[PDB]
12 protein chains.
Amino acid sequence: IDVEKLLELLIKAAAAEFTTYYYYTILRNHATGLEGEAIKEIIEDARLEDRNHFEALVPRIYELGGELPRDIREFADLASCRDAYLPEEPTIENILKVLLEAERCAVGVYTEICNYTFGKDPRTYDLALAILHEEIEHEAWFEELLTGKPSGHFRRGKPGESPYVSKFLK
Amino acid sequence: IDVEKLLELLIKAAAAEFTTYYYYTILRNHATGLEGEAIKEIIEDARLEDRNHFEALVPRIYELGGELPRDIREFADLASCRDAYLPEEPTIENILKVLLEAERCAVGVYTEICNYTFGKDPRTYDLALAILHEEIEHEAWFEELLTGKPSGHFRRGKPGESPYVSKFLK
Amino acid sequence: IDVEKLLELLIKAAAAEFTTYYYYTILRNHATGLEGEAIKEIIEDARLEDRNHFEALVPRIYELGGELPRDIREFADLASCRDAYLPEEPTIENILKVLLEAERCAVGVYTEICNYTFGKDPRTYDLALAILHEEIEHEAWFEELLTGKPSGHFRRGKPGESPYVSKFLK
Amino acid sequence: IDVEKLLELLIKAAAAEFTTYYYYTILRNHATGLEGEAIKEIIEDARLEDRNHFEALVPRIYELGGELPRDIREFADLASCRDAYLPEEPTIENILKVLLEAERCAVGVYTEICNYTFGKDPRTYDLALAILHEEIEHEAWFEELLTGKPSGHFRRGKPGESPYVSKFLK
Amino acid sequence: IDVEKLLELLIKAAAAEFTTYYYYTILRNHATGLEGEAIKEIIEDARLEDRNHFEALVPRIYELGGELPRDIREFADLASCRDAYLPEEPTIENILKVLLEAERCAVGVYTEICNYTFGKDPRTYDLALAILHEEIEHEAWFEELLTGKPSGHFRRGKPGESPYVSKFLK
Amino acid sequence: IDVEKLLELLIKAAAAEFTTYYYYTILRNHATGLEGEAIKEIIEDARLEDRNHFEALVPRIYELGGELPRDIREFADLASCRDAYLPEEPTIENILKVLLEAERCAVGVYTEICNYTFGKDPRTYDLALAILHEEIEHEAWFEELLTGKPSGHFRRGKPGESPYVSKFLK
Amino acid sequence: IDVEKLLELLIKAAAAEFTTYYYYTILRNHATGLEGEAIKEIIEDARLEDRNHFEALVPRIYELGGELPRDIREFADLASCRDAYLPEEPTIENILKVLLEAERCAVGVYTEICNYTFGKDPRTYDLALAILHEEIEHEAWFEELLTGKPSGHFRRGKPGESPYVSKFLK
Amino acid sequence: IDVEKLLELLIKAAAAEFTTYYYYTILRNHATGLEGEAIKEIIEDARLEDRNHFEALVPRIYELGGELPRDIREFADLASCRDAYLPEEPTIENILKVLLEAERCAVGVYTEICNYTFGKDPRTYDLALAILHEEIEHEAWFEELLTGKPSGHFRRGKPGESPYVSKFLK
Amino acid sequence: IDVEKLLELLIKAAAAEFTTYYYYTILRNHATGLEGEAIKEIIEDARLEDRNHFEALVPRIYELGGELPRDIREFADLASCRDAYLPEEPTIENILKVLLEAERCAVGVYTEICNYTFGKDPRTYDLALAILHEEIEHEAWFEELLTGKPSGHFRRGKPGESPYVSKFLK
Amino acid sequence: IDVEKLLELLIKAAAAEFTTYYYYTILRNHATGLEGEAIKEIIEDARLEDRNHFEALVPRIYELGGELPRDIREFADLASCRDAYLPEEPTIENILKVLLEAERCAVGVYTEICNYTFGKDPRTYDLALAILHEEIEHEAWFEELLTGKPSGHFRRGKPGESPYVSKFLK
Amino acid sequence: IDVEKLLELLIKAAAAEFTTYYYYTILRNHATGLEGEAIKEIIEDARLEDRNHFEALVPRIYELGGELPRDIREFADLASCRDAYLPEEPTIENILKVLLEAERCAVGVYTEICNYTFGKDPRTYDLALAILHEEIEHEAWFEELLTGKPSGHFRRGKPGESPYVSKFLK
Amino acid sequence: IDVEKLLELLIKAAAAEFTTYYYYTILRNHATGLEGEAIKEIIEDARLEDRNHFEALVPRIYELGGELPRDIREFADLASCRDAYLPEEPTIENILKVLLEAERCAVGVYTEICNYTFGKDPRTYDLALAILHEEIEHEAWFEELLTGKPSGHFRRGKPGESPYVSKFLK
Ligand SMILES: [Fe+3]
Ligand SMILES: [Fe+3]
Ligand SMILES: [Fe+3]
Ligand SMILES: [Fe+3]
Ligand SMILES: [Fe+3]
Ligand SMILES: [Fe+3]
Ligand SMILES: [Fe+3]
Ligand SMILES: [Fe+3]
């Protein structure tokens, strides 16, 4: 494995998770009214688990000899996803669209990392797989709410449970 | 008490609970969208408690000298209720209709067993009464969601609590 | 501080909390249907915390040399708020209107008590402040549900948590 | 069963429990001195369990198609017991007399409901029986304290345990 | 109900439970070897739950105006069962025979009490029913071990759980 | 990956787990006598974990765009294993034979799914691997009991622990 | 050590604890009125810990090759203490006298066993010492209540804690 | 704020709490007999919470640049209260008099500190307020026991709970 | 109070906390070697509590009618503190210098907010006071490590305890 | 006490415990079949508690100025017991013979240490006594399984409880 | 035993523990800087356990008919150790010297008490032994930190665990 | 896969873990002084997790048809690592060198096993991967302490947590 490339991938994914922890706060606060109370706890579940994803990526970055960038704006500019901005018309459907685009991008990032470390770096692969479980379940929550396609998921009992990444957490 | 008749009643009710544990899984997965997120945890609450009802009926069946049937298809064909099939147009209102018919039938089954063992078999009566509490509360949840008639119930804190049948559970 | 005036304020506020514990029960039971399941746990959260507010006001009343009135009808007639009556047309929006008027009055009562005991009676001030936190958060829940204005609150994990008044509770 | 009669009985008993939750607060605060510290926790135990009795009666009332009355004064005027007023000479013995009259009336109310729903409405019967256990134990506590007749009861570990009605509570 | 007769029944049953708590200790210690390790935890489960049965009968005896007899030998001589003596040849099969005779007698005692208080004394009936659940499950454990007839019971997780009588325990 | 083939494999394996949850109940109840008490908790451990396997397979099926079949008999007819029928001579050795054939088939099913999704679908692979851990340990328990070959496993502390699949459970 | 003598001492002390568990039940129920509520929890604390003393003595008896006697009346007749009979005039002071005589005898029994096994049988010595701690604290509770001599003890948080003998308990 | 003056106040109050932790031990041990068992747990509650007050004052003293005095006798000589000496005639009423004088002095000390840091040092003010809550509740317990004036307080569940100062404790 | 000014103050302080949560991660990772292991848990304690400070500021911002800025770079540019950059020579002493400058600035920010809302906005004042407690204790930890001045603080038991702000957290 | 002799005794006993932790693993894995499932948890209980014995001996060795030997083979060669080798014919009875010889030797080792430190080194004596309790109970388990002599012991609830040595453990 | 001599020894040792609880607070606060953070939790562990030693000595003093002295200065003047004064040059090494002298004196005090009550007063002996365990482990912590001699101890998980004296604590 | 080769690898790795559990005890005890207290808990964390690694390897060895060797010296001679001997000059830096060589060897062993079972034996691969996570984190702890290279790890909350291997543990 070319380890500088994996370090770029991992830093970009961790910037995606950190920015996501911010933008989801904003999105959570605008899920308002009767429809929004339905999706608020789900946004909060995804936001806390994603910040846990950041908390799991950083130790692996420093394991491989990389560092987080000096400036937090450099970090934000490195995000592998685009910013989950609040829509101009922040309806519940428009917000769900933004959240679904974010978790679809996140699934792709971690699929890319797993397809990079498969049979080559088992620790990073296992970590990217653990985050990929939770990003797939994030995408399913928001795609069932926005489109109605049944994907059989439930709401975590408490936000930030992160059942698949917890063994990388303290 | 004619104990073969009570054994038929109890086996038929346990087949109702086992099939219900399956069909409610299917119904749970199709409660989708913004309206469905409202009723999903309630379907899950009823599904887990009903499978707990099966888990409480089987020991009493073997107490009285009966057995579950050899083949699982024989068992399913013995269900005292009709199959809670997914409706052809699986809207939230049509699904609530199916769930309400299932829990109304279940209330009738356990009313029948209690009216059979009253003053005659106190253990089976107490057990049928404990399940009857939870089936009455299932019916009330779904009738408040479908019709709006206030029956004063809340959502269990965690699915499968089964507060009335727990003392028959392990 | 004129302590008979503070005792009137505190008794009137405790009658507001006790009556509110009753009327919110009624309002909780009529939050029915698909929209009402969304607001039921929020009504229950506010009802239990408000009865906890009564449970915190009574010890301070007897600290200052006051008593609850002999007759429970005298007590109800002393409520600093108006009765959160069930609306003639008990829709979800009309019920939210009633709940929001009740929690807006409650915020005003406890603002008045804090503006009375500020720098003068620190124990009563701290207690009125603790209740005022929870009444402000009640008002925000119901104003976000009724109007959509984002005020950034979540649902307590379990009803009656009363995180700000708990240190006055047993 | 004539269900309007059972609804009257159940509403009157729930008004008895709600008023009792108020009047026992007052009685608790006047159990003072060296003798009163002995009976205070017992008054608190009975007060919290009785308010739990109210919390268990209301869901059954709305199950059967009844409602709590619109006005809280109507409710108080419906109490099946007389008001546990603070005695004119509020000695420990006079207060125990009042508490014993209240719990003797409560035992009679729930005996009446059980004698009404026996073999006829098993859910309401089971609920009235669960409250009747705790009202019998309330009467025994206060009759042992006032007269010395041994009835073999202990103090609940924590107030409001309600071991017999808990399965109807949330 | 003739209450002196019910007091005799209840005192005799409580002597049965107290003596049983002793004799089961002895029987537990002689369940030795490879076969006995299988039945030891089951003997211990039944012994602790039976002593819990004594702990639940005594408060009801003093509720009804009765007392335990002055002398512990009078008490032992009042046991409604015969003494679960260690067999002359204390094999695992002979010990199981003794345990099964004891729990069959206990089922009969509590069936007799329930058939006495049915529709007449609901508190004592509920208590006798709760003990009767656990005595029926004791009989089933020992009859499955001695004869092999399937009655579908499992081993309690911890001895003395007493899931049916716990609400009468402190 | 041809996703309809993986959906067939996953539905067939989930029917195997659901039928197994039924048939193991029956097998559990006939593990009787002194020898059977030894294997009962082990049957119960495997039965509960297998029903947990069903509870983990269904969300992945609806993730991939599949559904459980409409009718529960269709589902049972799709089981990748043969029915763990009670043997004609239900001795402890014959029952162990049936249980060992069932868990050997289950190991083969999940080996097949893992050999299908390896390096191709990491979420389904991880899930099939988690179930495969527990099916390998089921096979080892029953092969040590039936043949005596040491495979170094212990009994789970509580049934249905499912230590490897729990992160897919709620 | 002459081990038959130590076995006599240990069997006599265990009969003292078993009879005490009975007689303290009776004494507990007659600690009535305002004064008795003060001493009831203390009687209950001593009763449960003493029955725990029986539960710790029996394993050591069977360790040393002894057995509990065949008949429970033989056992009661072997008690190293005299029977804590209910006094003819069962006042709170007379009951405290009886309880203090019982715990003074118990302190003497275990002092005798410790003075027997000192430097000779360390396991039995440690066990007799652990019971002797709790019997000394029982005597101090009852001597402070009856005479007022300060011995600095508090009430255990929950009855039957047995902090010194717990490591011999299961 | 003149910070040396606040440091004197805080050191004097912490010496009051440390000496109080000693003298309350002595007072606790002499609350003997039937009346004293009533007040013992209340003395223990106040003693442990007061030693917790010392544990909260010391970090704030070292925050502000002060130190505890070198010698423990200097410290004791700095106590803002007078020594809660055991009365010459240590009756329950005389001991309650001493305890009430101590907690009345403590309320005055912390009122003085709060009136010093109000709007000037918010951390010390909040800390002095938290201790002042618990000292007001100490005074109320002892004034209700000694005089009978109802102040509506209960006994903490466990000694040293310190619900208001706990957030300053470790 | 001019509420736009308080909203600026609160948004700037929340940007300080969010950036601090990032920069402290970086600082935590470079506290290396034998000296750094001493300060790592303290950096982690401060980092988690500061991110909790962000989690408490956002609900109050949306209460007062403000919002977090659309872009995360705008947010970072609004931080009331300067960026806790990793020093060019990242020794343990240089890192402690940076951490101490950050927590000294944070103490000043929250002193400014409290001096703004004192007697004017009690909810925001209480919140700013709760954060100010934890920022004062952060400054004391780092000033004791860097200079040796005794300020009497200990290490929180687990990172992110936030004992003073927890009642604002979920 | 000659402390080099006590250090030899303690090092030899700790080598006995460490080797025993290995050999019991092997013995545990060969307790197979229907008889072996009975004794497996008992072997596991003894193995974990014995490794806990090693964990308690090492701190006392370094207290007295001794060390564990440099090489792990030197350590194994110092074991005060002989190696609990797997028997050539590893039947359940032959394995029980080996386990009983090991725990009989262990009882003798710790009897020797206690007879060495009695009245001379109280810390080491107390530690050797705590291990001696658990070794006596190990011997009793295996002697009841192999010979049937009743010694009145039960199975620890969870392996490695070590109730007597836990206060020396971390 | 001459009990006045043992009472002197026990009162002097309890004054040593109480003064130590004060002086260790002071010593804890001056363990500053990078080296001091290493020893702070160890000082806190010893300080809390020593105050627990005081909490265990007082009940035994009042058991034997002794009392704590009337005045707290008399008590401090009775300390069996010398005052653990802050050194004139309070370096980490000088502070460790003071702490090691204090715990060496404490080991000698409790060795003296055990050598006094050996075979003569088993309760006091057991108590002095329990404190002597913890004082030996205190001495080992400080002697390993000051000199480097390996004595194999670890840091208690939480301060004031007091694993050996806890059974004397409430 | 050639299964005898994998059995050699797994037995050699389990001997590495068992010997490591011994040698780390020795290394832990010599991490003395002010610097050593910093690294002691980290040595203890690694030692307990490594012994947990042994506890996870043995069941997989007996799954695959292998056994631990008859003699514990044969086992030690099979260790895939070299013995982590105490250095001749046991400074903190020399001890860290030894620990880092041990965990670097362990990372290589488990990398070798994973590179052997990849896509071939998924259970053993998953197990070797779980141990490899914890061995990589062991190496990072010791390399950050010895060299200062930031690898972003923290100290486990309690020793032997083994977050990655726990699902293989009981
Ligand atoms: Fe993410
Ligand atoms: Fe059902
Ligand atoms: Fe019984
Ligand atoms: Fe006793
Ligand atoms: Fe104080
Ligand atoms: Fe901050
Ligand atoms: Fe000490
Ligand atoms: Fe390892």
# chains A, B, ... in the order shown; residues from 1 in each chain; ligands from 1
>>> residues_around(residues="residue 110 in chain H", least_positions_apart="2", cutoff="10 Å", atoms="only C-alpha atoms", output="number ranges by chain")
H: 9-10, 13, 105-108, 112-116, 125, 127-133, 135-136
>>> residues_around(residues="residue 42 in chain K", least_positions_apart="4", cutoff="12 Å", atoms="only C-alpha atoms", output="PyMOL selection string")
(chain I and resi 154) or (chain K and resi 24-25+27-28+31+36-38+46-49+96+99+137-145+153-160) or (chain L and resi 34+37)
>>> select_by_dssp(residues="chain B", states="helix (DSSP H, G or I)", output="ChimeraX atom specification")
/B:3-30,33-63,72-76,92-114,122-147,166-168
>>> interface_residues(of="chain B", to="chain A", cutoff="6 Å", atoms="only C-alpha atoms", output="mmCIF file with N, CA and C atoms, in the first residue's frame")
data_model
loop_
_atom_site.group_PDB
_atom_site.id
_atom_site.type_symbol
_atom_site.label_atom_id
_atom_site.label_comp_id
_atom_site.auth_asym_id
_atom_site.auth_seq_id
_atom_site.Cartn_x
_atom_site.Cartn_y
_atom_site.Cartn_z
ATOM 1 N N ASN B 29 -41.499 -3.306 8.504
ATOM 2 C CA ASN B 29 -40.596 -2.810 7.471
ATOM 3 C C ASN B 29 -41.284 -1.927 6.440
ATOM 4 N N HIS B 30 -42.602 -2.022 6.288
ATOM 5 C CA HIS B 30 -43.317 -1.227 5.298
ATOM 6 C C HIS B 30 -43.980 0.013 5.883
ATOM 7 N N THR B 32 -43.301 3.135 6.349
ATOM 8 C CA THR B 32 -42.225 3.953 5.816
ATOM 9 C C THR B 32 -42.675 5.399 5.658
ATOM 10 N N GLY B 33 -41.696 6.270 5.456
ATOM 11 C CA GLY B 33 -41.981 7.670 5.270
ATOM 12 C C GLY B 33 -42.137 8.409 6.586
ATOM 13 N N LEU B 34 -42.701 9.609 6.477
ATOM 14 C CA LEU B 34 -42.830 10.454 7.656
ATOM 15 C C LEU B 34 -43.919 9.939 8.588
#
>>> residues_around(residues="range 64-78 of chain H", least_positions_apart="3", cutoff="10 Å", atoms="only C-alpha atoms", output="PyMOL selection string")
(chain H and resi 3-4+6-20+58-61+81-83+124) or (chain I and resi 149-152) or (chain K and resi 19-20+22-23+25-26+29-30+72-74+76-77+83-87)
>>> atom_distance(atom1="CA of residue 111 in chain I", atom2="CA of residue 80 in chain I")
12.7 Å
>>> closest_residue(among="I:2, I:43, I:52, I:170", to="ligand 6", atoms="only C-alpha atoms and all ligand atoms")
I:52
